[PDB]
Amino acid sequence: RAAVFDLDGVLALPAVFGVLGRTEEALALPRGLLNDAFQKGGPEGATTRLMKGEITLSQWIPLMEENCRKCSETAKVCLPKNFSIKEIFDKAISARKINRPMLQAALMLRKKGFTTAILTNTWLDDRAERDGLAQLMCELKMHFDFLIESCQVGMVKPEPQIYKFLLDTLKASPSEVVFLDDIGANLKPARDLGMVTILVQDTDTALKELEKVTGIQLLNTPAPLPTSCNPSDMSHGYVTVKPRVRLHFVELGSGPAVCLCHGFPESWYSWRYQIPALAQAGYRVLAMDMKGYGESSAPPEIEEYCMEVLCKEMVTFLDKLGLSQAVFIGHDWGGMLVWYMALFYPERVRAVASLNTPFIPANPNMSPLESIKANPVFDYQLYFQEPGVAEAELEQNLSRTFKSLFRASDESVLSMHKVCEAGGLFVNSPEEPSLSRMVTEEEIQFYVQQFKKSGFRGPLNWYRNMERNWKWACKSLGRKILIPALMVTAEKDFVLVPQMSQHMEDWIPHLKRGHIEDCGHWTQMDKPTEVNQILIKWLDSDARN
């Protein structure tokens, strides 16, 4: 089945066309005058030339002016002193926003296997403010299989040929397609060809008709998840920071650079729900494969994964990309890394935020090993110390590893206490775990394929530098973090517990906080919507300025 949506008055409101009407009233012009001038000449008039791509919007403005003068002349009325078609359309175009419920329905239909398309009468926009529209189309168009624009195909609704062209690109028969439009005249040829047609006035009634005919719930459905990433559709970047070390990243959006740093044992892909949201919010997102992971290099030496070297390489990464600063947002081990970036390279850090991981200053009077002992839930970290032991258990069955790890707070385990005595992470774990509700089998297989390259040696080495990190961290014991900073705690992270962050204000006076209840350790995919809301509010506040 197929579903086809118009843009103006359907996926975007208010219909620019509906501004003519409101404008007429405001200026106290005769009803319909502006709409009349707009369509004047029908098939051979200025506006049809515009919609077929014969001329640009800026060439059209003067033509529209002329039609307005002729219409006012005929109607025996005068147009206002500073009457300006340029200004009127600027405002109408800018006012138009995405109709979220209609978009949501479109996403549901595609998710359930429909091929979807936007078919729109539109123009080539060369106005100085054309970027606003450019941004609208971009956001919408990514959610659809096809976008057919009159000005690119040289055809316009309601000409019968464009409907045949639609069916051809849909590779579907008319009876297999639903077509939604707010303009009855433009529906007729669709109906004539035999497709199901919906006349959109109010969105809710339209979606009622739409769910009735497709047999799929579209109205009053549960809150959808944020948009995710298809790895194959992303821009992949590669930067050599040292002769044998290259960092891979995925990049999306424009605006202030935002560098996302994942935890153990994860991937750039762990940010899949924030990447599109942050980009759409006006940021240039750079989601790293951290050293040891995925398409980034994974040298064997333990020392290659100490915080001092990892931080230095992140600075080099910025240097090579030509960035003086980025905002750094980290989760888990990535969260610890970003605190040290703030502490040692404040000049390069526009702002810093950590999910789950608190900033804990080094204790100069206690070995890090001792500190780890003094906390039952930290037992698995000692298990990780001896090279080879954990690698073997984690690498044995990768699908099992990730299905056991990536689980919501209710779906547990694992129980990271008494792991050493038990003799392993999964010693009490099923061979074939159920799939957690947070992930799909396909998402799990992505992580599986990523870890086939380098395995767990690199990732585990992040844990094998306790003494070295402690020494380096001690150098910072006189400092405070005084750049913009955000700490997000997760109620149900049973290792990185919210109370671990209780004293951070001592080191970070102006610290801002967020808190997510009913949220386990895997914050980004556990509660993506709330994560996105927290980060975006904080970015627009403390980074973007």
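In this text, rigid core is short for the largest set of C-alphas that superpose within 1.5 Å between two forms. The numbering used is simple: start at 1 and walk along the sequence shown.
Participant: On a core superposition, give the stretch, 254 to 262 or 405 to 413, with the larger average C-alpha separation from this form in 9 other deposited structures of this protein (RMS over structures and residues).
Facilitator: Of the two stretches, the larger average C-alpha offset in 9 other deposited structures of this protein falls on 405 to 413.
Participant: On mean C-alpha B-factor from the PDB entry, just flag whether 97 to 105 or 274 to 282 is the higher one.
Facilitator: Taking the mean B-factor of the alpha carbons in each, 97 to 105 is higher.
Participant: Given the B-factors recorded for C-alpha atoms, which segment has the greater mean, 371 to 379 or 401 to 409?
Facilitator: Between 371 to 379 and 401 to 409, it is 371 to 379 that shows the higher mean C-alpha B-factor.
Participant: Per the PDB entry, which option out of 435, 117, 252, 307 has the greatest Cα B factor?
Facilitator: In the PDB entry, the greatest C-alpha B-factor among 435, 117, 252, 307 is found at 435.
Participant: Looking at 478, 514, 484, 53, which has the highest Cα B-factor in the entry?
Facilitator: Each of 478, 514, 484, 53 was compared by C-alpha B-factor; the highest is 478.
Participant: Mind checking which third residue 536 falls in for C-alpha B-factor across the chain?
Facilitator: For residue 536, whose C-alpha B-factor we compare with every modelled residue in the chain, the answer is the lowest third.
Participant: Taking the C-alpha B-factors as the PDB entry records them, is residue 325 in the lowest, middle or highest third of its chain?
Facilitator: Lowest third.
Participant: Ranking every modelled residue in this chain by its Cα temperature factor as given in the entry, which third contains residue 463?
Facilitator: It falls in the bottom third of the chain.
Participant: Which third of the chain holds residue 63 when residues are ordered by C-alpha B factor: lowest, middle or highest?
Facilitator: For residue 63, the deposited C-alpha B-factor lands in the lowest third.
Participant: Grab the CA temperature factor for residue 4 from the record and place it in the lowest, middle or highest third of its chain.
Facilitator: Lowest third.
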